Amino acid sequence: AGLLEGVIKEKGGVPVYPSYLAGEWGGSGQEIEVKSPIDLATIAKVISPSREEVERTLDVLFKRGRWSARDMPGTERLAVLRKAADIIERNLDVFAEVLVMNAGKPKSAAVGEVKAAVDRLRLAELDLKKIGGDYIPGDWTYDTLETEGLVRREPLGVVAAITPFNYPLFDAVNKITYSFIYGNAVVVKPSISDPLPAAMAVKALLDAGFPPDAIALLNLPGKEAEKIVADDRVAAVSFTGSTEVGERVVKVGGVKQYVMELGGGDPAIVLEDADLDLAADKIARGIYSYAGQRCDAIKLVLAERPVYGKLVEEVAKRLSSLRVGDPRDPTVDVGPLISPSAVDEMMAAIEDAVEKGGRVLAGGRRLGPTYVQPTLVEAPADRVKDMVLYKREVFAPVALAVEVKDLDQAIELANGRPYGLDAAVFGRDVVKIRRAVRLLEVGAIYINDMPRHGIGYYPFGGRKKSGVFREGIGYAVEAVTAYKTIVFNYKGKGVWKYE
């Protein structure tokens, strides 16, 4: 709508969103329904591209898009991104409504994602802190004497941005931004679950001046996207999604540069000297935000004996006072999960915990096909490691609570999951904090706050099953750029006099 007026076609029924084929919106492949977790109803359809159009798009992106993007000076590229931000911002409510509707995201969380996407675009100027190579004089070795080196980065070419359902707007804007600010062409592939926000952003970008042959948005479901990843014209693949899909992506792609943000949940550690008010408050929010559908959501809480009681009590109270329902009501604190399937898994995981010695301390009641209460399950340390909620990531509002004797047990348990994205530690003692910071095997540690990736003001990414490489203002240059080395030989030419 609004910016998509000429694009969207209302074929008797729901609005139909076509793919962008690096030049023109279209698509001749199967049409696919897009539903809302609020009521399982169809709110639109997206046109997927035919194999022939995928092939043609890639050919355009490669043969022409790489140069449109690279040959547009940086000052112009940034102008494009700044303009795109302006457009998205004046269409805020429209962007947010689609998020609430398509993603089942509470109105406040939906507004937050639009603002993040706007800010990310505007702050592309900070990504520039990573522009500018290195000079390497040669007189520090006899073999390189009277030699000189210059190392600078160049865009790889065509970057494939694969996006998850839980941040349908931000992830797309984020990847497009860091790929473009450095001069790359981009193939965006959003979750078929909620691909509407991505189409809206791509249009805003095109309206803002983004080289028409340098970007693409293909509505391809799951494995049909493999055609893109495996293509040799795709020099990089920026993927945010599940460990399991990420694995398949690399196996299909083969040699290329990758950024793999594979989530998993995060553990939170509470030391005896922690401000329990802050802790309880932050931990509770970390558990339920967006119905736990945040890769940086808290899935396990670990607290030392002397504060475990209060802490768990306060968090349980907090989770209990939450209001569930339709996200539209700014009254509601928690909306629905992306699918009934996801709730099924959460219920099963809660049963498993109880059978293995676990006790629910708050929530636990399913309220509908896609509605559930944010849950907090207590578990004894000697039994938690075998619980599904521990061993795996149950993408839902549910966390385990475990009493520990000391920091070492806290750390050990925190590290015992197969993931290593972020971790949180509340407490005040520098030494204990330092210890934790060194031994927690995660990409990021939040001291006295819940894990919050934000727009990547601070880089993030995983360790272990949570992936490889980071995303962040500036740091993302490593995934979409390659080094170029220039060596000059002046031996005997008289520049230097033996040196």
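Start at 1 with the first residue shown and count on from there.
- Item | 224-232 or 181-189, whichever carries the higher mean Cα B-factor | On average, C-alpha B-factors are higher across 224-232.
- May I ask you to compare 420-428 and 378-386 by their mean CA B factor in the entry and name the higher one? The entry gives the higher C-alpha B-factor average to 378-386.
- Message: Per the entry's Cα B factor values, which of 174, 75, 240, 373 stands out as the maximum?
- Response: Checking the PDB record, the top C-alpha B-factor among 174, 75, 240, 373 is at 373.
- Task: Pick out which of 269, 259, 322, 169 has the highest C-alpha B-factor in the PDB entry.
- Result: 322 has the highest C-alpha B-factor of those listed.
- Thinking about Cα B factors across the chain, which third does residue 474 belong to? Answer is middle: the recorded C-alpha B-factor places it there.
- Query: How does residue 56 rank on Cα B-factor within its chain, lowest, middle or highest third?
  - Reply: Top third by C-alpha B-factor.
- Within this chain, which third does the Cα B-factor at residue 442 fall in: lowest, middle or highest? Lowest third of the chain for residue 442's C-alpha B-factor.
- Ranked C-alpha temperature factor of residue 41 among modelled chain residues, by third: CA B-factor rank for residue 41: highest third.
- Could you tell me which third, lowest, middle or highest, the C-alpha B-factor of residue 357 occupies within its chain? Answer is highest: the recorded C-alpha B-factor places it there.
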